[PDB]
Structure formats: C-alpha cells, structure tokens
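What follows is one structure encoded as structure tokens, with my remarks underneath.
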Amino acid sequence: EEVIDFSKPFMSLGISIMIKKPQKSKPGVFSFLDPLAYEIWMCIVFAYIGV
Amino acid sequence: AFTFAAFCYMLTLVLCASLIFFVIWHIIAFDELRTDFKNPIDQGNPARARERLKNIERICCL
C-alpha cells in the first residue's frame, strides 16, 4: 500500500485448518463394549460382586 | 452427579452394616465367654464340665 493503491477487499478470508476427512474407522478389538460406557461396565462388575 | 465412585460408596455403605453385625456378634460372644470365665470355673460335675466345654467349642467354631 505504500507504493500502490488498493481497493476495498472483494473477498475476505483468513487462515484455516485442512484435515483428511474422517473415515469409517477400522473396528477395534473390544468394540463390542462401545454401546455402554466403561463406568457402566465396572459398576456392573461390582454390582455382581455385591449381589 | 451419579458416577462409579458414588456407586462404590453406596455398595460399601450397604456392606458395612454386615461388618457392624459381625463385630457386634463378636463382642456378644466374648461377653458370654467372660461370663463363663470370670464366673467360677469349677468342673466338679462331669455334666457341667462337658456343657461348659461344648459351649466354649461352639462359640469358638462360630
């Protein structure tokens, strides 16, 4: 701008983050526990013990 | 809010009543043992000696 003259921006932008699209993750061993949180499983174990 | 630790505390609270019951039973049995001990331990009667011995053995087994 010190040596030329600009116009008002015709397109405003900024820095941003590019990532690879999340894919269907390869199922993990012990993915059969995913429907319930770990805390539920531990409470189940200790309720079994207590009962 | 409800969590794993709170459930552990609830279960331990329920199970500590059992420990209270056990210790109360202990002290009652030992009070009976003291009533037998501090009381005269004469075993002149064979039947009385046998009864006292079997009571002691039963309480020990319990």
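Going by the structure tokens order, chains are called A, B, ..., each with residues numbered from 1, while ligands are numbered from 1 in the order shown.
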For chain A versus chain B, which residues have an atom no more than 8 Å away, and what is each residue's nearest atom pair and distance in Å rounded to one decimal, using only C-alpha atoms, chain-then-number order, as a Markdown table?
```
| residue | atom | partner | partner_atom | distance |
| --- | --- | --- | --- | --- |
| A:39 | CA | B:4 | CA | 5.9 |
| A:40 | CA | B:4 | CA | 7.7 |
| A:42 | CA | B:4 | CA | 7.5 |
| A:43 | CA | B:4 | CA | 6.2 |
| A:46 | CA | B:8 | CA | 7.8 |
| A:47 | CA | B:11 | CA | 7.9 |
| A:50 | CA | B:11 | CA | 6.9 |
```
Those same residues - C-alpha atoms - I'd like them written as an mmCIF file, in the first residue's frame.
```
data_model
loop_
_atom_site.group_PDB
_atom_site.id
_atom_site.type_symbol
_atom_site.label_atom_id
_atom_site.label_comp_id
_atom_site.auth_asym_id
_atom_site.auth_seq_id
_atom_site.Cartn_x
_atom_site.Cartn_y
_atom_site.Cartn_z
ATOM 1 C CA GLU A 39 -18.085 -46.859 34.057
ATOM 2 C CA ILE A 40 -21.268 -48.844 33.427
ATOM 3 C CA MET A 42 -17.275 -51.513 36.109
ATOM 4 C CA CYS A 43 -20.454 -50.783 38.056
ATOM 5 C CA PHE A 46 -19.015 -54.618 41.259
ATOM 6 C CA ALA A 47 -22.801 -54.940 41.455
ATOM 7 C CA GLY A 50 -22.088 -57.145 45.813
#
```
Original post:
Could you write out, as an MDAnalysis selection string, all the residues of chain A that DSSP marks as helix (DSSP H, G or I)?
Top reply: chainID A and resid 31:33 38:50
Got time to write the residues from that selection, N, CA and C atoms, as a tab-separated table (two decimals), in the first residue's frame?
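To be explicit, this is the file written out as part_14.tsv:
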```tsv
chain	number	residue	atom	x	y	z
A	31	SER	N	-14.60	-53.54	20.52
A	31	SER	CA	-15.63	-52.60	20.10
A	31	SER	C	-17.02	-53.06	20.50
A	32	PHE	N	-17.16	-54.28	21.01
A	32	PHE	CA	-18.44	-54.76	21.49
A	32	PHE	C	-18.82	-54.18	22.84
A	33	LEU	N	-17.92	-53.45	23.49
A	33	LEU	CA	-18.22	-52.74	24.72
A	33	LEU	C	-18.65	-51.31	24.50
A	38	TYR	N	-17.47	-47.31	29.92
A	38	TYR	CA	-16.65	-48.15	30.78
A	38	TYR	C	-17.15	-48.12	32.22
A	39	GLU	N	-17.61	-46.96	32.69
A	39	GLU	CA	-18.09	-46.86	34.06
A	39	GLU	C	-19.27	-47.78	34.29
A	40	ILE	N	-20.15	-47.92	33.29
A	40	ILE	CA	-21.27	-48.84	33.43
A	40	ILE	C	-20.76	-50.27	33.58
A	41	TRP	N	-19.75	-50.64	32.80
A	41	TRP	CA	-19.22	-51.99	32.87
A	41	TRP	C	-18.62	-52.27	34.25
A	42	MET	N	-17.87	-51.31	34.79
A	42	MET	CA	-17.28	-51.51	36.11
A	42	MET	C	-18.34	-51.56	37.20
A	43	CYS	N	-19.35	-50.70	37.11
A	43	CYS	CA	-20.45	-50.78	38.06
A	43	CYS	C	-21.17	-52.12	37.94
A	44	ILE	N	-21.26	-52.66	36.73
A	44	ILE	CA	-21.86	-53.98	36.54
A	44	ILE	C	-21.05	-55.04	37.27
A	45	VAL	N	-19.73	-55.00	37.08
A	45	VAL	CA	-18.86	-55.97	37.73
A	45	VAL	C	-19.04	-55.92	39.24
A	46	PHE	N	-18.97	-54.72	39.81
A	46	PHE	CA	-19.02	-54.62	41.26
A	46	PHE	C	-20.41	-54.82	41.82
A	47	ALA	N	-21.46	-54.56	41.04
A	47	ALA	CA	-22.80	-54.94	41.46
A	47	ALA	C	-22.96	-56.45	41.46
A	48	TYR	N	-22.35	-57.13	40.49
A	48	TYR	CA	-22.31	-58.59	40.52
A	48	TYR	C	-21.66	-59.09	41.80
A	49	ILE	N	-20.49	-58.53	42.13
A	49	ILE	CA	-19.80	-58.91	43.35
A	49	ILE	C	-20.70	-58.68	44.56
A	50	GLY	N	-21.29	-57.49	44.65
A	50	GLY	CA	-22.09	-57.14	45.81
A	50	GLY	C	-23.34	-57.99	45.96
```
**OP:** Give me the residues within 8 Å of segment 43-60 of chain B as number ranges by chain, counting only C-alpha atoms and dropping any in the same chain fewer than 2 places off.
**Re:** B: 29, 33, 36, 41, 62
Generate the output file for the selected residues, N, CA and C atoms, as a compact mmCIF listing (two decimals), in the first residue's frame.
```txt
# COMPACT_ATOMS: atom_id res chain seq x y z
N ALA B 29 -20.41 -62.64 71.89
CA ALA B 29 -19.83 -63.95 72.18
C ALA B 29 -18.73 -63.84 73.22
N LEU B 33 -18.30 -65.42 76.88
CA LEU B 33 -17.09 -66.11 77.30
C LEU B 33 -16.58 -65.55 78.62
N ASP B 36 -18.61 -66.79 81.42
CA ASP B 36 -18.22 -68.15 81.76
C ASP B 36 -16.88 -68.20 82.49
N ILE B 41 -15.05 -71.42 87.64
CA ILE B 41 -14.77 -72.42 86.61
C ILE B 41 -14.70 -73.83 87.21
N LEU B 62 -18.09 -70.88 65.91
CA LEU B 62 -18.85 -69.79 65.33
C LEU B 62 -17.94 -68.63 64.95
```
Subject >> Two-atom distance - atom CA of residue 10 of chain B, atom CA of residue 23 of chain B (Å) >> reply: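 The value is 20.6 Å.
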